[PDB]
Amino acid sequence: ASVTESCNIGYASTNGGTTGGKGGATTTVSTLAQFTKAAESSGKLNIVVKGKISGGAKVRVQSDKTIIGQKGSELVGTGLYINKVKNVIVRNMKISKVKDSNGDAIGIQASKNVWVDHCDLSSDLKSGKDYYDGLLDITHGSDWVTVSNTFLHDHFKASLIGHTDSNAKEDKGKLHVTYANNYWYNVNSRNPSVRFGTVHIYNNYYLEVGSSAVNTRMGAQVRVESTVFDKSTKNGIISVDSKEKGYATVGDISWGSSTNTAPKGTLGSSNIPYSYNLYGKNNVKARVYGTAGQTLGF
């Protein structure tokens, strides 16, 4: 892999694309102080994270940044908050145990063109349901986001797209998100939960989902295909807990113990504005398990 690879997967590759800090300088950071100074700075910048950075913090990531983890690097307790910015790459990053007061592990709010690739995001299930918040939340009119090759695990409320039923003016017609080649393990709910948006899930492997996997809500259109639900709740794809229903379209699913009870939608193969490579449901576990997460070599 290369620091300057641009997004070539999903919705973040559209509407101008996502190049992060390409064109800027490169810095390597190994302390929280170095990291927040680099990430909160103005201008194009490539930030390589080295070693284990621990500390309770919420980092206000600015536009035109690439944040890349070295093998063996991680953030413990430090969340990335991507708010009213654009063109951000978060890649090969391991983030864990961000306390609720410090926000989400990755929180994307009112931002556009964001690529999360080969990340490893988790907390635990032993500290209470609200001790931690989200792993990867996308809200407040954000758009053109791709979550690819990422491992989301050991956590209650994983990924929220659209924060409340009352937010139509801001969220309707926005919140286009791709989930490509991801591995979800031992997560309880919001895998993802979607209000309003348009979400494409393909080549995902779900294992030991506790309460619900995909929840489609308030007119959302989700497409789930070439995807495996393994040893997971009956609530595989549902539409619940909102004032208006959402919709789902499916293809080439291995259901396991899970089912789809969401109303049929309209998001077909021909309605996706990018090219994508389906593995086939019987090959997803082999191609994703051990690849998703912080597995890149720079």
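In this text, residue numbers run from 1 along the sequence as written.
Undergrad: Quick one: say whether 166-174 or 110-118 has the higher mean Cα B-factor in the deposited entry.
TA: That would be 166-174.
Undergrad: Report the third (lowest, middle or highest) to which the CA temperature factor of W255 belongs, ranking only the modelled residues of the same chain.
TA: Within its chain, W255 is a middle-third residue by C-alpha B-factor, going by the deposited values.
Undergrad: Thinking about Cα B factors across the chain, which third does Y289 belong to?
TA: For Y289, whose C-alpha B-factor we compare with every modelled residue in the chain, the answer is the highest third.
Undergrad: When the modelled residues of the chain are sorted by Cα temperature factor, does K86 land in the lowest, middle or highest third?
TA: Middle third, going by the recorded CA B-factors of the chain.
Undergrad: Using the B-factor values recorded in the entry, state whether the Cα atom of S63 falls in the lowest, middle or highest third among the modelled residues of its chain.
TA: Tercile = middle for this residue's CA B-factor.
Undergrad: Should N92 be placed in the lowest, middle or highest third of its chain by the C-alpha B factor in the entry?
TA: Within its chain, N92 is a middle-third residue by C-alpha B-factor, going by the deposited values.
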